[PDB]
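Protein chains in written order, with the deposited numbering: chain E, 107 to 224, 232 to 342; chain D, 2 to 240; chain F, 168 to 405; chain K, 1 to 206; chain G, 6 to 233; chain C, 2 to 277; chain B, 3 to 231; chain A, 6 to 249. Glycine included, each C-beta is placed from N, C-alpha and C at the ideal position. Structure, as structure tokens:
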């Protein structure tokens, strides 16, 4: 309804619209990050509405810069606004300081846009995993609708985020190879995502610590991961 | 100005005002897009030949720029405003970068405008889904769909409006990748005929080829519709 | 309750419920503790404790200027908004006067800024508590800011979940804090904070921030190698 | 002024020439920059000033004309209409913060019947336009240092009834008279013509 | 139900329930007491401390508005500080623009106009505090009370808060023509100690301020030795 | 104050704008207007409010720019309105300005579809932005341009418009649409379209004869152009025929109304012979 | 700071807040106008709450400019807004065209303001009908404007309480021949029908448009006419 | 819904305005103004129950300009607010036109301000009847004549010979109306008019008043400035009333 204002707290101290924008993400496609010392792996169920969709077009993983990739879950259209902002801030950083923006600084700038709602009617119904490589090493951050940002070692957002945290608890350690991280990322998506896992059905990306560069895995390259599992 | 929050989250995480804008699109007249090897075909249903509507030809598939055409489903009024916005953006883009704007570029612009309407205080969403076809200057054909949420996806074939999901479930059974200008047109009409009235007069359809947009004449069209409706009789006999 | 929806609505009993509710945001935030001695203020904050071999980090303690910093509890987004404001205002001050904003003046500024949000319809109360800790000419200051816009000059205090246990510990010992050394203050800050931990979990570098400010010591946040000096050789005994 | 543009209008075509010269102080950057921009299928504008204003102006007209076609379901606006649209745009600018567009235009067009119902002008149209926004229909007209040379020559030799061929000959005399007499080297002229059939690029004359 | 949700709405009886409800916030607040003498004016306020571990001078309810004037806030302290901030803005406009200390009667009306503004508009709520303006400008020693409604009134003596009724009984025992500021500090503090609930609000202190001939017509906290 | 917001510019659960649906229902209460587009011209015939004997004429110098039901928007564009007359006047003034702002810029008459589109872009705004009611008015735009010739547009409070050969707005729009569908053909003289409009007007408001007191008629048609003034702009092309919006007087309408009376009479003699 | 519209459509199509404002305009004291060949007269009864009101301070008939004046029914204070605006429009028109505003154009400008308040956000409509009476190039004019914005030119009409009986009475009495001195007689006779207690120069105000000017009858001029009825 | 915003009810009435009239009465104070041959009086009940309240401070009567006095009846702080608007309006007028705002103009401008708050949602009507008093220069001969202009929450502005606003205004008017049949009321001396005003006060509240329990404003032809009448001069009038 419209009876409660947008800027209204609940009796248990949570802003309602935020608490409801978070319920919008649990409907969304599953995404996840694995920070390994070799690099950071982003994976994403595409959840294509039909076979006829060009799956490349509805890309859950987005290049923010050479060294930072965002994966979204929840309202895709909204994420495009957040990632558009990350890109503008990333490039403003390069412009101004002649250096790649830190992953944390890029997360903070993305969350600067997410506070300003009253200008914008509602929060963004998107949670973003932002994974990159800077001086600090490979890092993985999550933005919420609240504007909170949380560094994670591994995190899943969206539908099977709850079922995937359970798998990370069991399997994730801090001295993983990028190869094992990719293996894990896909192993989880297989268990969690509703459709049968195909090379076209999911998106995988890594920012490798060694070159500091983002590689979006082609379907060929994702089949190579499924082949070793 | 009036900047009350209109599009807001509900307990289940739903944006009701966007779900309702999509209810407006389901009520809207069916449109269909079919990507071929060298062709994009956009086919729309018309409300049907009332004796009173001006004999002079009004096209329900709108031209955004030389390269880019769009059909819509939903509120005629809202769609006119998006199309005028798109039309301006393509020309604002030619002004700022000599190049003609690619289809994918425009689609993202139109989808951004539709997103802004779901988050602008003071405004309801656009009650409009869009099918945008065209050819980039390079020669590659593009077919895109934009829904009221402002989320846009490229398709090989797509439907919007009434019984979109019936048409899409039908299309993905029969759709083949490499298709001739004639097979696309055939397929588009066959697909529209799944939901639209048996009548040939309601369907109006545009055939995009690199640098060549042509609407089928109702003479050219009734050949394809006869050939298709005899093939829909063949499929009725099989079942 | 027809009076709990808008910030601009007084209840008939003369309560502002949207402020009482924003206060619940602070009380469900993770515990932070402040203790001030003769020359030092010690903030100690519980971070989230790593689940198996899986870490989270969330910036809950903020340097604001050489001579001030913050520990937040509640909506971390709103903590960041205050952090930016105080940083901006502390910079402005130091630009103008070539000296750190006095802490009494800063406490008044946050109070004011909170209050701007509790009266207009458009705005909402900050769902965050701060522990300001600072040092100036007048010595060490520890303020607890609260959503209502109240600002409490404290000898010692805690904020967040199970903090009534921390405040109980501090109430036994706070009278002896002006006599304590820096290392005894930090022990007290941690011993207080460790009363706020759930069931069986202990303090350690991976689940506890410490921040110090005082005489000749600019506001420093100790995590990992720096904190171990206080936290490796720390145990809580009844 | 450096870059001379010439146009004249006969029974069944408008002919437009414009000097290729783009210059930087005294350095010919090129002798072959096309100043004659096609605005629609049957409309073009020999626009002469510095490249910056000439392009920003002509592109703005071209894009607004194209936009106006997109919104008017492919209806091709008359020459009077775009001449007036252009002059209003130039005239607006002389009272703007930006300042005037320092561009002098010869706006040529062929108005064809746009339907069965069109009662309007059929045939070739030519409009002289100053940078200030002065619009004037003319049978012929010129901007540039070479303007007054060619204007006199055309006063002498222009008839309303010349062939496309007698026009090529005449446009060559005009171009040649600029080269003979103006100290600014206008060594190459782009020549275009608007007929019923559309814009054609005349290569013979230069 | 809709008659009382905002301060922009009169009820049928002709009153503004949100301003009455803001007033309830003051009547449930810590007791404040003040006295206007020939010598000057005195304000004493009880501060109910939630915690044993507060510094002395925490949640000061009494604030210098100008050299000659101070506001003691009975009610929501944060709201009160917005009034103090405005009272200050007015006091400094008087010196900046008109080169004069703002008169008490003027400062009070300015505080009342401000507090009233917030009773007229749907977007804002009434203030949750009664301001007690003590001044000793050129109009002599003046004590005023702006309440949430914006209603200003001058007083010889005035009690606000949960012991308003009983503290007033004790202020009526004083002769106001006779008493000095030095007596008043004693009697006003004594009154606040008397009316205080010992079992309900264990932790408390009595913040006293004055502005008198003694203090150089400067609005200051009274030293800790006079207070008992 | 947010409590008492009607939320005009919101969707309902079925994806409909209630404030527009209701504004439409306000136009079906209004006086019937019939548009008939011929090759010779357009005809508007509208149902005036029953004339009280104390109603006075505003003794306007020019008789052909406004009546009760018909308004000139520009030399080549007229209209009739159904719905909130005060909204109509607001939008009419906006149309008149838009038509002249076009003539200012391009020094040519605005195409009818262009005006219809501008007038309807303005109506659309009020169904999406601004939290106020929509314009509770439907137009019949008529006019002539060199592009499509004689044109008749309906205009809806939603903002959507449509081109029509013949159409009706107001009280019995549906009953009119039936009676236009039957009797409208592509090859029709102005006299023959005038007749149609008045027979359909007559039949919708259920009168034996057409009540001259209760009907207004306007005619968009091309007439010979007289005030050329060719020597003042030698290069300006003046067309032979210029469009002229005209609102028929009582005397100018009486023969056209007597012919629609006689055609109803002859059709009632046919209904007597069908029963036989 | 309220920008949402107070006037909206009902399911039946009616604008309920304009119907209720038209009820407000019907509730004022009777005012009425009578157009003649050679002028127009507008008469309103200014029934004062008590005898203690300075009758001369009550103003029921207003000059808008030299050549046009109005009376009103319903909410006096609302009318004072329209009359102040109408007066501004008459003067704005003179400044531009150095010519009296035609009544046509003035009434349309008043109508426009009535309509603004039926649509613009956060305002209710005006609760008052105007009778506007003036003289322009087109002759003598009597208009009624309503809360809707709707205006009618009348030969004679009445607004306010007794207006159905006063219109009925004017319909019998009115003729096209009717001259100004006969019209003023007829106007005052119509007021007298609905009136309770004697009429006086204190009790009724009478504007009249004569020659090329509007004027309000002085109490001496009104007594001359009240002696004859 | 009709009752909480400024919209018409089905019976064409603005409930929030009807209710602001109730605010005028709620404080239980009555004012009476009266205009004589050469002066205006305004008499306001000036009740301070608190012995600790400083009488001097609580005033219903404000000076708007030297030559226009005011008396506000209703929400004191709403009254205070309208005086500030009136002073603004008068200052602004003197600057724009270089002459003191005529009382009838000031009153009309204050009616305009009131009406605005009855037509725009979200602004509360000022629940107060403003009673401006002052001399007004007749343009015919230059003679000053006394004026009373009331403004009510509806925006309705009126000149008066006498008026009452507040608790028992209906009873105080009934008294002044009964006393207007006997005497002319504009041919009266300041003394005679003062007695009538104070007697209406006394009749309506149903009790004899002290000179302390009323504050009396005054403008005369002789002294056109708005003066507070000293308690001494009011005491003489109340003795003069209680005798006759």
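(request) Please compile the residues from chain C whose C-beta is within a distance smaller than 9 Å of the C-beta of residue 126 of chain A. (result) 2, 5
(request) Kindly indicate which three-state DSSP category residue 170 of chain A falls into: helix, strand or coil? (result) strand
(request) Measure the Cβ-Cβ separation of residue 70 of chain B and residue 216 of chain B and say whether it is below 8 Å. (result) yes
(request) Take the Cβ of residue 98 of chain D as the centre, count every other Cβ of all protein chains shown within 10 Å, and call the residue buried at 16 or more, exposed below. (result) exposed
(request) Could you tell me if residue 156 of chain K is buried or exposed, where buried requires 16 or more neighbouring beta carbons within 10 angstroms of its beta carbon? (result) exposed
(request) Could you confirm whether any beta carbon from chain H is found closer than 8 Å to the beta carbon of residue 137 of chain K? (result) The structure shown contains no chain H; its protein chains are E, D, F, K, G, C, B and A.
(message) At the level of alpha carbons, what is the spacing between residue 239 of chain A and residue 111 of chain G?
(response) 28 Å
(message) Here's the rule I'm using: 16 or more other beta-carbon atoms within 10 Å means buried, otherwise exposed. How should residue 258 of chain F be labelled?
(response) exposed
(request) Could I get the ranges of all uninterrupted beta strand (DSSP E) runs contained in the stretch 47-135 of chain A, with 3 residues as the minimum, in chain order? (result) 66-70, 73-79
(request) Give the residues of chain B in contact with residue 131 of chain A, contact being defined as C-beta atoms less than 9 Å apart. (result) Going along chain B, no residue has its Cβ under 9 Å from residue 131 of chain A, so there is no contact; the nearest lies around 14 Å.
(message) Considering Cα atoms alone, identify which of F:316, F:378, F:262, F:309 is closest to residue 294 of chain F.
(response) F:316
(request) For chain D, find out if any of its Cβ atoms is closer than 8 Å to the Cβ of residue 74 of chain K; answer yes or no. (result) yes
(request) Return yes when the Cβ of residue 123 of chain E is within less than 8 Å of the Cβ of residue 284 of chain E, no when it is not. (result) no
(message) Here's the rule I'm using: 16 or more other beta-carbon atoms within 10 Å means buried, otherwise exposed. How should residue 148 of chain K be labelled?
(response) exposed
(request) Sort K:1, K:27, K:8, K:14 by Cα distance to residue 151 of chain K and report the nearest one. (result) K:8
(message) Using a 10 Å radius around the Cβ and a threshold of 16 neighbouring Cβ atoms, would you call residue 239 of chain C buried or exposed?
(response) exposed
(request) Would you check if the distance between the CB atom of residue 107 of chain G and the CB atom of residue 88 of chain G is smaller than 8 Å? (result) no
(message) Only counting the same chain, and skipping five residues up and downstream in sequence, which positions put a Cβ closer than 7 Å to that of residue 268 of chain E?
(response) 138, 139, 242, 253, 255
(request) Using 10 angstroms around the beta-carbon of residue 183 of chain K, count the other beta-carbons present and answer buried if the total reaches 16, otherwise exposed. (result) exposed
(message) If contact is defined by three or more beta carbon pairs under 8 Å, each pair taking one atom from either stretch, is the stretch 61-73 of chain C in contact with the stretch 241-249 of chain C?
(response) yes
(message) Distance check for residue 143 of chain E and residue 341 of chain E, CA to CA, integer angstroms please.
(response) 21 Å
(message) Suppose contacts are defined by Cβ-Cβ distances below 8 Å. Is residue 150 of chain E in contact with residue 135 of chain E by that definition?
(response) yes
(request) Using a cut-off of 7 Å between C-beta atoms, extract the partners of residue 161 of chain C located in chain D. (result) 77, 78
(request) Starting from the N-terminal side, write out each stretch of the alpha helix (DSSP H) that is 4 residues or longer and does not extend beyond the stretch 168-226 of chain F. (result) 184-195
(request) Output yes if chain B places a C-beta closer than 8 Å to the C-beta of residue 125 of chain D; else output no. (result) no
(message) Give me, in chain order, the residues of the same chain whose beta-carbon lies closer than 7 Å to that of residue 40 of chain K; leave out the 5 immediate sequence neighbours on both sides.
(response) 65, 76
(message) Quick check: residue 334 of chain E and residue 152 of chain E, are their CB atoms within less than 8 Å of each other?
(response) no
(request) Just the C-alpha distance for residue 158 of chain G and residue 30 of chain G, rounded to the nearest angstrom, thanks. (result) 19 Å
(request) Report yes or no: is there a C-beta of chain B within less than 8 Å of the C-beta of residue 54 of chain C? (result) yes
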